[PDB]
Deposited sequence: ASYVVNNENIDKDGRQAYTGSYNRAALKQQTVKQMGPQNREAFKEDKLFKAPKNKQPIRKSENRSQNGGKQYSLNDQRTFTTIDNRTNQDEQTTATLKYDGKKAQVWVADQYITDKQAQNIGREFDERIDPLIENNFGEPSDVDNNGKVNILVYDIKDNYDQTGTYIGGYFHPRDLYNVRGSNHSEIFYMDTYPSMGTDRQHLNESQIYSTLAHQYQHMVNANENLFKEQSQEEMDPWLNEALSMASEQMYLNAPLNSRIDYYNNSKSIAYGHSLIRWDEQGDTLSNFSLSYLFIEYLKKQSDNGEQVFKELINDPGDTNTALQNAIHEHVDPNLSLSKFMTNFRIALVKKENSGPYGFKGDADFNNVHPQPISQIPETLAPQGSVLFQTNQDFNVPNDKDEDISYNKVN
């Protein structure tokens, strides 16, 4: 038969748990196509020093003014300093340009797409931004984000840092997110296509209003865990595109780290982050199909005042199943990826968007599995679940 093994511990900081002494009664058991399958971004953590910004009502900058911003070199993880020009001063977005290759037209396309589609989309379905500089607008700094693309082929499409909302070192004292030019817009610096990154505007803007709702509007001031913050950003991309994120599915299908038990809830900052993006994306889409209010569950997760696991558990009880615990919903997620049943917990309600999700069976179980790390294997015998496995490990017969 086949088995889905999962560490059911819902604590992302928990131990990697022993899977047991099992019997090799297992069967012995290409290439991510799109370059966009290797597109990352960075969501940085809010500072513990939440010194507020004080101002005394924000008609400082206008078209063609220059402004030097702190940006982040993701090769070395240092602050850098970048001087940009305001090239679009719109209804909500101010688009700053600091890449000589970007034309004024492209800045105007980006700002207009934000003003007309990105902003309403996010405000109505996720949340609304802060206004720490009392200027009614948000900054979009368009420039060549520094990363290891030239050496790896993995590139950073954009980022958001909640430090910009407080008075700390490196803050730009405003609502701002950062958008990459090369190679996000294309691999030819002289023929960049800015429409390539429009869904990334929704991605980064979700991070921004997420930080506002949870750090400014709610009294607990608890950040959402990265894995679910990132999942909600990719829910917003699909909603903007009204199409599945096929590159994240493509990456899922070819990821050896996922096949060997990559964690849904522990963000592998120094390792294969792309596998975290793929798992976070499929999870939020699984929650969408399993919720009776569909995409409307997204704003309830943000609006919930409790921590990340409490919000998910409340959403499951109200919209999915009042008796179902978060930890078993997560196991059902992994089985749903395999079975894709047309109804019930082991599928995506037959949504065609997810029919090309194909988990990869492996020949041997890893010794240990991180919290919500999962693997799939097949058996040539009536294999027996090991008796010395960690109690957090569930073996789930499927076929």
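In sequence order, the deposited residues that have no C-alpha coordinates form the ranges 30-34, 62-67.
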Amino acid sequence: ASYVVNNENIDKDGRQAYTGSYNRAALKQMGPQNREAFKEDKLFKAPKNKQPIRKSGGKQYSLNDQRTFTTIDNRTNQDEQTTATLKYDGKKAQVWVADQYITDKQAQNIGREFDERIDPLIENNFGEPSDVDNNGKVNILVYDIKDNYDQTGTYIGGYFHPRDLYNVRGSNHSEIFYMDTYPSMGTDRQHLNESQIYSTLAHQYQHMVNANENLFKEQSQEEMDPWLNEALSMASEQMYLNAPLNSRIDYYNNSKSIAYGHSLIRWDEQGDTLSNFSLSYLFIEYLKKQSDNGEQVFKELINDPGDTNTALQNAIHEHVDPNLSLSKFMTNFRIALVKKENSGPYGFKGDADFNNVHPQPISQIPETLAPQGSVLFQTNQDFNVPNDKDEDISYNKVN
From here on, numbers count along this sequence of modelled residues.
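Two stretches are in play, 62-70 and 42-50, and the higher mean C-alpha B-factor belongs to 42-50. When the mean C-alpha temperature factors of 106-114 and 159-167 are read from the deposited coordinates, 106-114 comes out higher.
Remark: of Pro361, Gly373, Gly57, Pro345, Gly57 shows the highest value [criterion: C-alpha B-factor in the PDB entry]. Looking only at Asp119, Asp79, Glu222, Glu175, the residue with the top Cα B factor in the deposited structure is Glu222. When all modelled residues of the chain are sorted by CA temperature factor, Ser280 is found within the middle third. Split the chain's modelled residues into thirds by C-alpha temperature factor. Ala202 is in the lowest one. The deposited CA B-factor of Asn399 belongs to the highest third of values across its chain.
In this PDB entry, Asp144 carries a Cα temperature factor that places it within the lowest third of its chain's modelled residues. When all modelled residues of the chain are sorted by CA temperature factor, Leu324 is found within the highest third.
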